[PDB]
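Written below as structure tokens is the structure these notes are about.
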Amino acid sequence: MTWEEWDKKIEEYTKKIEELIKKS
Amino acid sequence: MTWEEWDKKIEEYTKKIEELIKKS
Amino acid sequence: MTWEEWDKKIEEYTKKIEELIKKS
Amino acid sequence: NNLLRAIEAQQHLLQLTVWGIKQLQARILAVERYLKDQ
Amino acid sequence: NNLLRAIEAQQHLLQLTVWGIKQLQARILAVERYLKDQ
Amino acid sequence: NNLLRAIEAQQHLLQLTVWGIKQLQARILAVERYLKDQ
């Protein structure tokens, strides 16, 4: 994996988590 | 943000989490 | 703590978490 | 509830570690480049 | 439920920070060794 | 319950990443200073 793919995976999962926090 | 502000934010949230873990 | 002890503690807790996620 | 508050505070913790990790990667990269340039 | 999904996504986040931290430690170690060897 | 145990184990995981990140920052800082001093 690269740091560009890392940066993106981080953002993807940060977004998911933030929506799961509102849903809950 | 600096590493001094980082160190402190880390500790602040570590403390909060530990109290939320006991409360639960 | 060393990086060898770190690597192992990481794996230990990753395993625990993954079993707690299935149990739940 | 308190459980949700835990998870939120853990999320703040994580975002702080992400911040530190990006700082460190840029800094280590700048050093590698410096040594290469030298 | 959504709560469990949060925790799973947080776990994925964590594993990503672990990955970055191991990358950085190997890289900083290689630089320290280079300077020592020089 | 198991959910709380997950969160606790995640908290231990996080504290380990914080430890690594502080190790790496001190080490990268010591290298930057070394290069500056040289």
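Lettering and numbering for the structure tokens are positional, with chains as A, B, ... in the shown order, residues counted from 1 in each chain, and ligands counted from 1 in the shown order.
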
Inset, instruction - For residue 11 of chain F, please output as a list in words all residues within 9 Å (counting only C-alpha atoms; exclusion window: fewer than 4 positions along the same chain). - result: residues 14, 17 and 18 of chain B; 10 of chain D; 6, 7, 15 and 16 of chain F

Legend entry - Residue neighbourhood residue 19 of chain C, 12 Å, only C-alpha atoms, exclusion window fewer than 6 positions, as an NGL selection string: (:C and (12-13)) or (:E and (8)) or (:F and (2-3 or 5-6 or 9))

Please produce an output containing C-alpha atoms for each residue in the selection, written as an mmCIF file, in the first residue's frame.
```
data_model
loop_
_atom_site.group_PDB
_atom_site.id
_atom_site.type_symbol
_atom_site.label_atom_id
_atom_site.label_comp_id
_atom_site.auth_asym_id
_atom_site.auth_seq_id
_atom_site.Cartn_x
_atom_site.Cartn_y
_atom_site.Cartn_z
ATOM 1 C CA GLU C 12 -2.541 -9.775 21.246
ATOM 2 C CA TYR C 13 -5.052 -6.929 21.461
ATOM 3 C CA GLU E 8 -15.450 -2.248 13.468
ATOM 4 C CA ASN F 2 -18.644 -7.704 25.089
ATOM 5 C CA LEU F 3 -19.104 -4.371 23.385
ATOM 6 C CA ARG F 5 -14.713 -5.134 26.379
ATOM 7 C CA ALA F 6 -14.042 -4.352 22.704
ATOM 8 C CA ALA F 9 -9.199 -3.390 24.162
#
```

Legend entry - Proximal residues of chain F relative to chain D (only C-alpha atoms; 10 Å) as a PyMOL selection string: chain F and resi 3-4+7-8+10-11+14-15+17-18+20-22+24-25+28-29+31-32+35

Inset, instruction - Calculate how many Å separate atom CA of residue 9 of chain C from atom CA of residue 19 of chain E, rounding to one decimal. - result: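 We find that atom CA of residue 9 of chain C and atom CA of residue 19 of chain E lie 14.5 Å from each other.
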
Inset, instruction - Up to 7 Å from chain F, what residues of chain C turn up? Count only C-alpha atoms and give them as a list in words. - result: residues 10, 13, 17, 20, 21, 23 and 24 of chain C

Legend entry - For atom CA of residue 3 of chain B and atom CA of residue 33 of chain F, the interatomic separation in Å (one decimal):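 Between these atoms lies a distance of 16.3 Å.
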
Legend entry - Separation of atom CA of residue 2 of chain B from atom CA of residue 26 of chain F, in Å and rounded to one decimal: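 These two atoms are separated by 13.6 Å.
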